[PDB]
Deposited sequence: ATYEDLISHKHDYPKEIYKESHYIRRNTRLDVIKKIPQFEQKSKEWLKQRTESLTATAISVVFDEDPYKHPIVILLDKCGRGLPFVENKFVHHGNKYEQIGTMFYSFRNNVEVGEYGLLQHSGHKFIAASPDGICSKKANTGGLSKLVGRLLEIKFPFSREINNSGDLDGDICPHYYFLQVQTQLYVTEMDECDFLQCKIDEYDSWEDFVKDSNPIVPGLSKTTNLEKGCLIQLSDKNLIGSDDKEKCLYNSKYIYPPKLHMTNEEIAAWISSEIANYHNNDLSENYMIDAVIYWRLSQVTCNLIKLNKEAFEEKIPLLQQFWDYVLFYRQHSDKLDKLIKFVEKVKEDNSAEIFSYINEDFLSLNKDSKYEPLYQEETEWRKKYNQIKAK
């Protein structure tokens, strides 16, 4: 009854892609694989992070983010201030399984034309179906969120209600960078079992790979603890700074689970992360609620907003080379609060125009965006 969970709705019936969009998406993905990924925390990876605005920052720069204001993005890219998730891959394996397509993760990708706009999608579906043949999901991005207190809505506007707007802008920027058309917005709630006993207790009788209370997959997770830190540290720095070893596939039998845990222990002497991280605990998880919503790219609507992003990045490049004016800017934001974007960026645009006498740039955020007004309205009460 396990094979009944593999949906074949996206299996492509032909050997070669006939429709044009499938061909272009596959070709673009093949171009993406040719783009070199880089090792973490070293090499050009710094020259990739500092040279662009990540997709999660674009919602803030648009003045359409409900928690951060543009000045924090401006100061972050200049190294100043004021004073992912651990289950993501599990979601990837769920989507790859139930939709019968191979999903690959790729590092940070910068847009070809506007290099200062970059994004890192949680995964892109390849052309290969799992049960053989091609798949219709080729080139479809994956964006997976794990809210803890927020309730997942399935009705209402796609831009506002089903998908939170800042996440919607993140997906739009991701689709713009990778030059793809579709992205699946997957929202998952995960509970962890107290013990292995409770894990085997909640097993669905007819199907061992599911939970009997949520009718969704369950599995294991290996936690690798940082060494420098932790050892005897005392807070939540340890949680964020853990890395994880993930199971090979879902719907594992209990024996295969324990055998894989042990083999992972023995071979961790050769695991690179275990040499730099210590095997901590073994977590047992189950999916409790999974929603998926297709999001398509509006390219013209984003290109209309590219000029604003260009002006913002020009401000970043400006204050990166003038440390004195950056200090006096920090004092100016110290005076009037950081949510007052109109005055802050009027000051910033003056500072910019003072040394660039041929810039037609006008101050940004002079009027609240419609989303800013909506958020402030939601604040009352």
Would you flag the ranges of the deposited sequence that the structure leaves without C-alpha positions? 1, 85 to 93
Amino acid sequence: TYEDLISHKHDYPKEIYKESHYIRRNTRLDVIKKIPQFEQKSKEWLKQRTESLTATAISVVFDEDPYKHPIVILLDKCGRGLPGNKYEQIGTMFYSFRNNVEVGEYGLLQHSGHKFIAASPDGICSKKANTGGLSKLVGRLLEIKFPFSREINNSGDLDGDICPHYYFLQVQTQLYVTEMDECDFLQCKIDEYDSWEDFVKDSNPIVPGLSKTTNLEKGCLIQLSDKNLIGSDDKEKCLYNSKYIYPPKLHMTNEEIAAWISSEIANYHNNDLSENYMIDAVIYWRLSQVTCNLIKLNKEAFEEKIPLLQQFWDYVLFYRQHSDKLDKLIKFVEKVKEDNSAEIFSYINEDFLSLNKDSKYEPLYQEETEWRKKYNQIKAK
From here on, numbers count along this sequence of modelled residues.
Report the stretch with the higher mean CA temperature factor, choosing between 133 to 141 and 250 to 258 on the basis of the entry. 250 to 258
Going by the mean C-alpha B-factor recorded in the entry, which is higher: 53 to 61 or 36 to 44? 36 to 44
Going by the CA temperature factor in the entry, name the top one among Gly160, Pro83, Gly91, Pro121. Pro83
Among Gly107, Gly79, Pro307, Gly231, the highest C-alpha B-factor in the PDB entry belongs to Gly231
With respect to C-alpha B-factor, does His8 fall in the lowest, middle or highest third of the chain as deposited? lowest
For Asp191, the third of its chain by CA B-factor is the highest
Considering every modelled residue of the chain and its Cα B-factor in the PDB entry, is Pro147 in the lowest, middle or highest third? middle
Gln174: C-alpha B-factor third of its chain, per the entry, is the lowest
Lowest, middle or highest third of the chain for the C-alpha temperature factor of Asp280? highest
